[PDB]
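Just one chain is shown here, as structure tokens, and it is the form deposited in one PDB entry.
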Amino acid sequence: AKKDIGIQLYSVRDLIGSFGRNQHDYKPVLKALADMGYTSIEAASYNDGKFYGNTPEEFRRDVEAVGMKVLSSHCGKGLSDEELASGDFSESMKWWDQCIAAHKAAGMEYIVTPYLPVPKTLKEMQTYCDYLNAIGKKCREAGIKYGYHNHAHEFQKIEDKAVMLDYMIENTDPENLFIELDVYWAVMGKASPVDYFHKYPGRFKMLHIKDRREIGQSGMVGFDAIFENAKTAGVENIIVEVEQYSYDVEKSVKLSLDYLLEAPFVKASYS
């Protein structure tokens, strides 16, 4: 494999189906992704110490057997209304110990929260920032880097004062939280990926390489510019994500990889 490129498994969710007893039969897709040349995965199916209904140990064996790294995972635990109003998120913090230990057992380097809604107030946003720091701190102590993945909504303002993502970056410690920047959703939020990189150097330790459909197809994403600035950003790993397709899913995710493999501005490794 010429370059280290990750695949988010959410991209292949249609290709994971029940076979006999198995309700999450991901092994055939994992082989297909490895054959294409993907070198790592990011999971999108965590629940109560398990990945795709499997032990972290078995999931990790499955990924490693096709020669890919268990790099990262999307999961999270939002605060209740009461936690958010009180400031007291000790209950939610209990969830994180099991999650962190399972992620570690699956050999994960990163844990990423995929989604938080826009808070109604800066106060609520700040409580979220405290939670994020507490999570990130527990992760770091266990040897895992915790991050946050955007869509488009985080470029909205809270209370017409602060942009959500900006507030989040500014009010979390760099060692507790990096941003897994989705460059497509950033653009969809009228944000410049490169300007974000320059405003917050080192905070973007992974990218979600996403486009409307196949990567580099739409005209909506300046991958050249993005990759040119990956060093300012602090990029360690890149993860392809494809949720809409011009072809069968495998072909779409394959063509998406090929764009990156053939692009001279994508280095063989960022880590």
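Only residues modelled in both forms are compared. When you see a residue number, it is the position in the sequence shown, counting from 1. Take the two forms, superpose them, and find the largest set of C-alpha atoms that agree within 1.5 Å; that set is the rigid core.
> If you average the CA temperature factors over each stretch, which comes out higher, 129 to 137 or 156 to 164?
Replying inline: Stretch with the greater average CA B-factor: 156 to 164.
>> Which is higher on mean Cα B factor in this entry, 82 to 90 or 166 to 174?
In response: Per the PDB entry, the higher value belongs to 82 to 90.
> From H103, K199, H74, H151, pick the one with the largest CA B-factor in the entry?
Replying inline: Reading the PDB entry, the winner on C-alpha B-factor is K199.
> Per the entry, which of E58, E228, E241, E214 tops the list for Cα B factor?
Replying inline: Out of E58, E228, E241, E214, the record gives the largest C-alpha B-factor to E228.
> By its CA B factor, does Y10 count among the lowest, middle or highest third of the modelled residues in the chain?
Replying inline: Ranked within chain, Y10 CA B lands in the lowest tercile.
>> Where does the C-alpha B-factor of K145 rank in its chain, lowest, middle or highest third?
In response: For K145, the deposited C-alpha B-factor lands in the middle third.
> By its CA B factor, does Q23 count among the lowest, middle or highest third of the modelled residues in the chain?
Replying inline: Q23: CA B-factor falls in the highest third of its chain.
> Among the chain's modelled residues, which third holds the C-alpha B-factor of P114?
Replying inline: Its C-alpha B-factor belongs to the lowest third of this chain's values.
> Is the Cα B-factor recorded for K69 in the lowest, middle or highest third of its chain?
Replying inline: For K69, the deposited C-alpha B-factor lands in the highest third.
Heads up, the form deposited in another entry isn't pictured, but that's what we're talking about next.
> Comparing between this form and the one not shown on the rigid core: C-alpha of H24 shifted by 2 Å or more?
Replying inline: After core superposition, the C-alpha of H24 moves 2 Å or more between this form and the one not shown.
> What happens to the Cα distance from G20 to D14 in the other form: does it get closer or farther than here, with a change of 3 angstroms or more?
Replying inline: Nearer in the other form, by 3 Å or more.
> Is the CA-CA spacing of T55 and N22 tighter or wider in the other form than here, given a 3 Å or more change?
Replying inline: Those two alpha carbons end up farther apart in the other form.
> Upon rigid-core superposition, which contiguous segments of at least three residues exhibit Cα shifts of 2 angstroms or more between this form and the one not shown?
Replying inline: Moving region between this form and the one not shown: 17 to 24, nothing else.
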